[PDB]
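Chemist:
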Amino acid sequence: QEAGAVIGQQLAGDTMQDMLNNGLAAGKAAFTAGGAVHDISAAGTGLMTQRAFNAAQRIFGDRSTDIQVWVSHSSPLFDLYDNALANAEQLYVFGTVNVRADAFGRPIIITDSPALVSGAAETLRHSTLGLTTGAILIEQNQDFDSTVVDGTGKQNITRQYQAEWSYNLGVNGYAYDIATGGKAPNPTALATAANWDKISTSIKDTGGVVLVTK
Amino acid sequence: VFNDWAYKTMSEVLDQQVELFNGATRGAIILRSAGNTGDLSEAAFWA
Amino acid sequence: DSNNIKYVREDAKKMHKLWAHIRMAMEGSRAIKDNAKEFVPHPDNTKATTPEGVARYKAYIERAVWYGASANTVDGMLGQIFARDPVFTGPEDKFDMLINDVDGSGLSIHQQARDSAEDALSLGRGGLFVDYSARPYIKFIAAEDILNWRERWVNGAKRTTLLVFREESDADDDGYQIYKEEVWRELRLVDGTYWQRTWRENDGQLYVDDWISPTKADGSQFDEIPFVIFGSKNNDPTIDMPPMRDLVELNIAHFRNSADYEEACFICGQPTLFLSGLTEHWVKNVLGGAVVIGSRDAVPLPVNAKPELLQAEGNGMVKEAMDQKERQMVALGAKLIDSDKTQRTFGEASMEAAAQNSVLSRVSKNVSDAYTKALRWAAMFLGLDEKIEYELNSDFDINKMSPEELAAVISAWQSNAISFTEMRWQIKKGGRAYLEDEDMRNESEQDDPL
Amino acid sequence: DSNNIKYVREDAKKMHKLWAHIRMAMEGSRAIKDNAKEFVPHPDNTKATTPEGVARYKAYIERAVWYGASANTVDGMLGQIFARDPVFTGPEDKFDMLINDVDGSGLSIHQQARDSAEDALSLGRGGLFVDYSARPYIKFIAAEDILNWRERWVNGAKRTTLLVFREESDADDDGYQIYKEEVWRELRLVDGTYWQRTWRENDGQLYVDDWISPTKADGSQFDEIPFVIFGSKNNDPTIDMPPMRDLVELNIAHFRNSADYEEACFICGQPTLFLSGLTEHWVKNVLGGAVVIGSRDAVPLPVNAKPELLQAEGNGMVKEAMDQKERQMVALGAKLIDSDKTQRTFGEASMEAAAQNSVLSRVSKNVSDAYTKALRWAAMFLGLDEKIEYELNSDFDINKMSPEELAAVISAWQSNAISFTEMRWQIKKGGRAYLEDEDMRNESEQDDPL
Amino acid sequence: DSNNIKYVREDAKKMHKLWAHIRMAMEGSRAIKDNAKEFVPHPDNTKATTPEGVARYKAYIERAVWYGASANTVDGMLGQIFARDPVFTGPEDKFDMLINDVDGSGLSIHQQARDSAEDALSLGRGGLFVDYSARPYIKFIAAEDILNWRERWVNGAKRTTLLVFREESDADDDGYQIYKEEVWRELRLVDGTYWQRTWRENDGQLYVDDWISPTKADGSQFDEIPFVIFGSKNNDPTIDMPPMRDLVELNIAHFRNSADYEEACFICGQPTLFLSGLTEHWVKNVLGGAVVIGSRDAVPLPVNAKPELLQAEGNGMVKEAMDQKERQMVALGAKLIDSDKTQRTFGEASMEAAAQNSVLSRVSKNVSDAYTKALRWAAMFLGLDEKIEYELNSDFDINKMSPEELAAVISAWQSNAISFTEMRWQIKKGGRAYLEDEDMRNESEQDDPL
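Sequence lines, in order, name chains A, B, C, D and E.
If you read the first sequence in the entry's author numbering, its first letter stands for residue 108, the second for the next number, and so on.
If you read the second sequence in the entry's author numbering, its first letter stands for residue 8, the second for the next number, and so on.
Under the entry's author numbering, the letters of the third sequence match residues 3 to 135, 152 to 468, in that order.
Under the entry's author numbering, the letters of the fourth sequence match residues 3 to 135, 152 to 468, in that order.
Under the entry's author numbering, the letters of the fifth sequence match residues 3 to 135, 152 to 468, in that order.
1. Determine the DSSP secondary structure at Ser187(C), reduced to helix, strand or coil.
2. Could you tell me whether the region 161-181 of chain A touches the region 225-240 of chain A, using the rule of 3 or more Cβ pairs below 8 Å?
3. Measure the CB-CB distance between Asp284(A) and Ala270(A) and report whether it falls below 8 Å.
4. Looking at chain A, is there any beta carbon in it that lies within less than 8 Å of the beta carbon of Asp3(E)?
5. Kindly say whether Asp36(E), judged by its beta-carbon, lies nearer than 8 Å to any beta-carbon of chain A.
6. Would you kindly work out how many angstroms separate the C-alpha atoms of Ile196(D) and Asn384(C), rounded to a whole number?
7. Under a three-way DSSP split, which group does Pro45(C) fall into?
8. Do three or more CB pairs link the region 394-402 of chain C to the region 92-103 of chain C at distances below 8 Å?
9. How many Å lie between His23(D) and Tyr225(D) at the Cα?
10. From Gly249(C) to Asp356(C), what distance separates their C-alpha atoms?
11. If contacts are defined as beta-carbon pairs under 8 Å, then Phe245(D) and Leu181(D) qualify, I think. What distance do you get, rounded to the angstrom?
12. Cβ of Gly312(E) less than 8 Å from any chain D Cβ?
13. Give the interface partners of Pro289(C) over in chain D, defined as CB-CB distance under 7 Å, in chain order.
14. Can you tell which of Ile306(A), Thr320(A), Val319(A), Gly258(A) has the C-alpha that lies nearest to the C-alpha of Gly141(A)?
15. Using the C-alpha atoms, what's the distance from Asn322(C) back to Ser313(E)?
16. Distance, Cα to Cα, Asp258(C) vs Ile247(C)?
17. Pair every Cβ in the region 36-43 of chain B with every Cβ in the region 228-237 of chain E, then say whether three or more of these pairs are closer than 8 Å.
18. From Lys302(C) to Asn74(D), what distance separates their C-alpha atoms?
19. So, at 6 Å on beta carbons, what are the nonlocal neighbours of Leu205(E) in its own chain, with the 5 sequence-adjacent residues on each side left out?
20. Between which two residues does the alpha helix (DSSP H) holding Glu64(C) run?
21. Buried or exposed for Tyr9(C), please, with buried defined as at least 16 other CB atoms from any protein chain shown within 10 angstroms of its CB.
22. Do you know how far the Cα of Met335(D) is from the Cα of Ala33(D)?
23. So is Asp11(B) in contact with chain A if we call contact Cβ pairs under 8 Å?
24. Would you kindly work out how many angstroms separate the C-alpha atoms of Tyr389(C) and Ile445(D), rounded to a whole number?
25. Answer yes or no: does any C-beta atom of chain C fall closer than 8 Å to that of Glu271(A)?
26. In three-state terms, what does DSSP make of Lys176(D)?
27. Apply the 10 Å Cβ neighbour rule to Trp443(D) and answer buried if 16 or more other Cβ atoms are within range, or exposed otherwise.
28. Quick check: the Cα distance between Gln124(A) and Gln24(B), rounded to an integer number of angstroms?
29. Per DSSP, what kind of secondary structure is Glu409(D) in: helix, strand or coil?
30. Which residue comes first and which comes last in the beta strand (DSSP E) that contains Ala270(A)?
31. Measure the beta-carbon distance from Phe41(D) to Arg263(D) and round it to whole angstroms, keeping in mind my assumption that it falls under 8 Å.
32. From the beta carbon of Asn220(C), is the nearest beta carbon of chain A less than 8 Å away?
33. Does DSSP put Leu402(E) in a helix, in a strand, or in coil?
34. May I have the straight-line CA-CA distance separating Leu453(D) from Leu468(C), to the nearest angstrom?
35. Considering only heavy atoms of the ligand HEM, does any lie closer than 7 Å to the CB of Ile101(D)?
36. Would the region 280-299 of chain A and the region 249-269 of chain A be scored as touching if the rule is three or more Cβ pairs under 8 Å?
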């Protein structure tokens, strides 16, 4: 009968998951609207261990140091593992085939968020987007409310659990176009480009870049 | 070497890793906790 | 560095239901009857859905009687535990600020100790907090206000690094209305130093103070958070089982059986005439839809008619089950309720007194240790002495102290076996002296001819 | 003054109903039978709709009996707390005015303390207001009069900032009819300074008067509001649970069962002849609509006629329910009645008195602390010594001292273990001496007549 | 069956089932009602297949009552053991850092000893760890945390060469996201030397640290592993038998019988009319599908009608089974009830005290020896004195000491039979003093206060 406790555990987990996924989707959409995207789908298989990241560095320009992480789906990580595990160019030894970084001091963080994957079969595309110092900001507002309410009129007394909360999204150098968007945006409303204005004059000030690999 | 559980710890909590906040991603994703009024919070700076 | 405030640890989430049920039990009959759906299941759900069934449920619950022995159990336990007053060891003239008004509200430390002991005996959790203002205040944090803590191992030592609790307050405008401020307090321990953040949360807003580290009279900041959590089992951040759980469960079972018994009493309690072997001809001829049952009047019956004054009989097995519940609660709680019928042999009960005072002894030590630690932290704030002690009345089953005991303690004081202050505390605890020690002394050096 | 000063907090409004229920239970039986509609469910709502049903309901309620165990319990508990007299420590000649006419009505402070203790025992709330007229007066504020309070955290200290209580007075016109004028006192604490203001209504306009800060005799005004709110649990402004709720509930259940039992006794308590196997021909021939029931005359019956006297047998389940509920009240440890048949092996109850007097001690400590604070505030107003105390009777079960106890306390006196005034307190406590210690010293300091 | 044939039978995998059962029995009625199935088999599996069958099973279980005698048992057992406080032998000004906070968390050594004794009483296994961090720390390791150990006889001595235990801690990241990071400590004894290392699993991969040798203050490494396992049986690595297995069985059987009894009470505890010899034509004529049973109205019946209020009669065989299991639970020797009816001659209880306090004394001795070892190992780490003892209370059924006992102990100390510290320990143990002996002496050098 520990329904409240079970719901609490699952709700904490899914709240973390939902804020993370919404932040990732908003970041990807905003960077795509800003032009900081490199599409690698036609060149060879679709993803290279390390030569692909140089494209994102070339996008971000003289401030390439300001990127120090690569949020990625698990499939790109396994593709890096496989290509590294088959070193056509001999720069790996058996003790170093499990490198997680990108040979530039940037660790690669792995998550399977649906915001970083799209399509199926031959249209499957993975987004592995790199960040800057505090590029994507998520501010939860401390307004959690929850109730348990019983119901009368049915064959059994219907018990309910309902919760509500809120948080705020902010991507560095980008503003959410509320006129084209809305007062309260859906998760698919955040992922839609043209709702994300580019405030900062230079792409370097804007924090992040998206790498698209199949 | 941990297999024996407590009660109902087998209840699935999550399958996607969400440990991607603040120091976990070298400060890439900031998860703060601050209130703000209205559906919008805008800050103006010189161009 | 500031994240996920107003988040409650999931162990507390599992424990809120038990805490709420225990608080309802402490409240009395009204709380239990307000939520009878949780405790008393409806005897028939098919009728329960219908409107004619819900009124039956209301009438069923109103007739029910709430024993509410749990509240008495807690009140009685708080009784012997706080007989007389706790003893304080250390200077008194420089510690009057904490004794007379512990939190600045004029409330003595003894009353806050009583509240904390009752809280830690009913549902087995509580917290103390001391913070500099110049004068420190020994706060009291309820079991439900503490909602987050952390325990990591820094240099191989059990340390409470993070601790967050909630405090309620009402902002004072020029009007007379009541508002609420859910001010949280964030306590952190970085690299063996104590830091705390407060969240202003202005009325209608949410604002947060800057980081600051309280420091002692000399300095050196701190190495442990000045927040102690006391429980029925011990003084650890981990959740402890409330001591009243089994007694509340027994009380609830007794309550539902009392509901059944009272319904049976209302229905079949009154004797019924039960005119048998009767005919409608006889009814409409002589009875006329009215029977006179007084002594002066008799009634006739036809041939082979048997009237049976039938009613529910006493010692119903439902009542037997309720008696089992009462006996079982008596077996668990020491003195939740008393019995005039029973007789107890003296001397045999002295053997089991220590076991019957097990919870009382623990709670006393757990509270005594918590308050001693809080007072030591306050002394560190004020730079007073550190060898002070606040030890509760660990002696229970108190009573007026016998003349033979009086001669014994006087003779022990004549010898060097009991100190003068120990004998004074004895004679006070036995209800024979009431003045403080110094007054008795300063009147004792007076050369009264009598 | 954003709104009217007469705003009442939500919790006080929610508690007025429970306070009214407690008061109605305390007063006696006449108002309980007056308001029995709410408590006693009418045995059938279909009948209750009709006027004959309500007439039957009035005849049902009137026949019932109200046990009134709650009133006796309060009276007994109050008597245990108020035996002999509360002991006042400090200068007795400087505070004679406070002891004699505490509030200007000639009422002794001990009797006002008795009123306060009874109020805190029945419904568990009260108040004490120390003001300045030259002489300070210790008010008494009823539970239903304190109607607003606020408690901010100022510099980490729980304080009371606003407290508005109504003051109800009788207008003294030239006529002999009864008017009623009510005045609202606004006690506010701004920037650590106590300010009081009074509000009076006159000709449809509510006036404000003006702000004023009462000052101590030397000066420096006041740092806190001179108003203590004692209660059943502690000296907290927060509403405390009334100690008499469970008793009242049982008393109501016992009253309903008594109604059922008394109706059954009235109807079916009489034996009835119940002549069965009877024919109308036989009745109109030999009975003629009348039966002789004395020993002198005997009546004949036809063949196969069965006369049997039928009456409700004793030890029914409603009677056993009433006996159970009476036992449950006694089990709750409430001091309502005694049982001569029941006996107890002496020495068993001595261990248990601490649990029995748990509530007695709690209320006594709360009231003693409240009155001590009030006396300290009055001393501050008068510029007198402030280290004064006022203690109630903490040693319950008052009894006459045995010769052994007398000899023991006397022998303790010449030993430097009991002060002379402590021995005098004991000797008056045991009913072996009645005149004051100074009078005894004056009379016994003369040469013994021999 | 031939035990000489090889078999491996030592690992916690053997005992998790009963350890978990003990844990949920200690938890109370919530866990037992929650995990009903393994304790209460379904009345019939054929019914259990149907959804109405599982609804019937929940109706059957939710009505049950968990007595919870085992929780009260271990409570009384621990209370008897931990009355007053254990006596520490040796220097105190040097060991104060261990007494005040044994594991560097503000938790005194006495409270950790109480937790260890509770673990030994409940499931009969616990562990103590001492590891130099600077300051040595005595840790408490639960029975489930001890994972692996091996015993190999070396030079004719049984040595516990390897021992592995899980180290549970809470991860505090930048946020408050609740995680749980596990650490494994391997304590190895190679060629008469003490070695240790830590295994860390961060995101699934098992990092391994390098071997280290904690060395004493003077050096010379060690010759034994600073880890002691204690239980009800003895201080051996082999699994000790939990002292409350049969009691938990009795409680579970009583629980299932209570379920059956309560289902019976709910169903057949209400009296029922059982109108016999009745025709539906007569029903629809007069009764009309409704009966008025109150004593104000009667009901006519046709010829050969026998109304029968039938209900289950008390003192049933299930009732007797529950009573017999309660008396069996109290018979085994557990201090699980305090029945008011039973009388006992004083003195025969003293005759049976030695047998009744068997497991209590065993646990007291085992925990005393374990903590003696832990303190000696900490002394080796700090290079302090070795002749240090720490024993719990060895005398049970403790009570206030009589005036005759007071005179006896004082007279004995006046002779050369009881040391001054021993007399002070005895008198404090009897509830007659609270100050330490040294402070008594410091008060007692000067002359009689007079």
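Built from N, CA and C at the ideal position, the CB exists for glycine as well.
Modeler: Reading it off the structure:
1. For the purposes of this step, residue 187(C) is identified with residue 169 of the third sequence, where counting begins at 1. Three-state result, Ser187(C): strand.
2. Segment contact: the region 161-181 of chain A against the region 225-240 of chain A, three or more CB-CB distances shorter than 8 Å; contact assigned.
3. Within the first sequence, the letter at position 177 stands for residue 284(A). Within the first sequence, the letter at position 163 stands for residue 270(A). No.
4. One-based indexing of the fifth sequence puts residue 3(E) at position 1. Chain A contact via Cβ: absent.
5. Taking the fifth sequence and counting its residues from 1, one reaches residue 36(E) at position 34. At least one chain A Cβ lies under 8 Å of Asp36(E).
6. Working through the fourth sequence from its first residue, we reach residue 196(D) at position 178. Working through the third sequence from its first residue, we reach residue 384(C) at position 366. Straight-line spacing of the CA atoms in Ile196(D) and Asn384(C) works out to 59 Å.
7. Here the question's residue 45(C) lines up with position 43 in the third sequence. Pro45(C) sits in coil when the DSSP states are folded into three classes, being neither helix nor strand.
8. Because the criterion of three Cβ pairs below 8 Å is met, the region 394-402 of chain C and the region 92-103 of chain C touch.
9. Along the fourth sequence, read from residue 1 onward, the residue named residue 23(D) stands at position 21. Along the fourth sequence, read from residue 1 onward, the residue named residue 225(D) stands at position 207. Looking at the two C-alpha atoms, the distance is approximately 34 Å.
10. Counting from 1 along the third sequence, the entry for residue 249(C) is found at position 231. Counting from 1 along the third sequence, the entry for residue 356(C) is found at position 338. Near 28 Å, if we compare the C-alpha coordinates of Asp356(C) and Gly249(C).
11. Position 227 of the fourth sequence, counted from the first residue, corresponds to residue 245(D). Position 163 of the fourth sequence, counted from the first residue, corresponds to residue 181(D). About 6 Å; that satisfies the 8 Å criterion.
12. The residue you call residue 312(E) lines up with position 294 of the fifth sequence. Taking a beta-carbon distance threshold of 8 Å, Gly312(E) counts as an interface residue toward chain D.
13. By one-based count along the third sequence, residue 289(C) stands at place 271. Here the neighbours are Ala282, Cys286, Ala330.
14. In the first sequence, the residue the question calls residue 141(A) occupies position 34. If we check each option's Cα against that of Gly141(A), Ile306(A) comes out closest.
15. Taking the first residue of the fifth sequence as position 1, residue 313(E) is located at position 295. Taking the first residue of the third sequence as position 1, residue 322(C) is located at position 304. In a straight line, the C-alpha of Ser313(E) is about 23 Å away from that of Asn322(C).
16. Locating residue 258(C) in the third sequence gives position 240, counting from the first residue. Locating residue 247(C) in the third sequence gives position 229, counting from the first residue. Distance between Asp258(C) and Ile247(C), taken at the CA atoms: about 11 Å.
17. Flag = no, the region 36-43 of chain B and the region 228-237 of chain E do not touch.
18. Residue 302(C) sits at position 284 when you count from the first residue of the third sequence. Residue 74(D) sits at position 72 when you count from the first residue of the fourth sequence. Their Cα atoms are separated by approximately 53 Å.
19. Reading the fifth sequence from its first residue, position 187 is the one you call residue 205(E). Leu181, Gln214, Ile243, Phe245, listed in sequence order.
20. Numbered from 1 along the third sequence, position 62 holds the residue referred to as residue 64(C). DSSP places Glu64(C) in the uninterrupted alpha helix (DSSP H) bounded by 53-65.
21. Here residue 9(C) corresponds to residue number 7 of the third sequence, with the count starting at 1. Here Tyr9(C) is buried: its Cβ has 16 or more other Cβ atoms, across all protein chains shown, within 10 Å.
22. For the purposes of this step, residue 33(D) is taken as residue 31 along the fourth sequence, with counting starting at 1. For the purposes of this step, residue 335(D) is taken as residue 317 along the fourth sequence, with counting starting at 1. Cα to Cα, the separation comes out at about 28 Å.
23. As a first step, residue 11(B) is located in the second sequence; it is residue number 4 there, counting from the start. No, because no Cβ of chain A sits closer than 8 Å to the Cβ of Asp11(B).
24. For this step, residue 389(C) is matched to residue 371 along the third sequence. For this step, residue 445(D) is matched to residue 427 along the fourth sequence. Spanning the two alpha carbons is a distance of roughly 38 Å.
25. Walking along the first sequence from the start, residue 271(A) turns up at place 164. With 8 Å as the cut-off, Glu271(A) does not count as an interface residue toward chain C.
26. The residue you call residue 176(D) lines up with position 158 of the fourth sequence. Of the three classes helix, strand and coil, the one that applies to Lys176(D) here is strand, per DSSP.
27. For the purposes of this step, residue 443(D) is taken as the residue at position 425 of the fourth sequence. Buried is the call here.
28. Along the first sequence, read from residue 1 onward, the residue named residue 124(A) stands at position 17. Along the second sequence, read from residue 1 onward, the residue named residue 24(B) stands at position 17. So the alpha carbons of these two residues sit roughly 8 Å apart.
29. Against the fourth sequence, residue 409(D) aligns to sequence position 391. If DSSP states are grouped into helix, strand and coil, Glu409(D) belongs with the strands.
30. Residue mapping note: residue 270(A) aligns to position 163 of the first sequence, counting from 1. 265-271 is the extent of the beta strand (DSSP E) around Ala270(A).
31. For the purposes of this step, residue 41(D) is taken as residue 39 along the fourth sequence, with counting starting at 1. For the purposes of this step, residue 263(D) is taken as residue 245 along the fourth sequence, with counting starting at 1. With 8 Å as the limit, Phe41(D) and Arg263(D) do not qualify as a contact, their Cβ atoms being about 14 Å apart.
32. By 1-based counting over the third sequence, the position of residue 220(C) is 202. The beta carbon of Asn220(C) sits no closer than 8 Å to any beta carbon of chain A.
33. Here residue 402(E) refers to the residue found at position 384 of the fifth sequence. Taken through DSSP and simplified to helix, strand or coil, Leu402(E) comes out as coil.
34. What you label residue 453(D) is simply residue 435 of the fourth sequence in a count that begins at 1. What you label residue 468(C) is simply residue 450 of the third sequence in a count that begins at 1. When rounded, the distance between both Cα atoms is 17 Å.
35. Of the ligands one can find in the structure shown there are none, so the ligand HEM has no counterpart to examine.
36. Counting C-beta pairs with one atom in each stretch, the region 280-299 of chain A and the region 249-269 of chain A have fewer than three that are closer than 8 Å, which means they do not touch.
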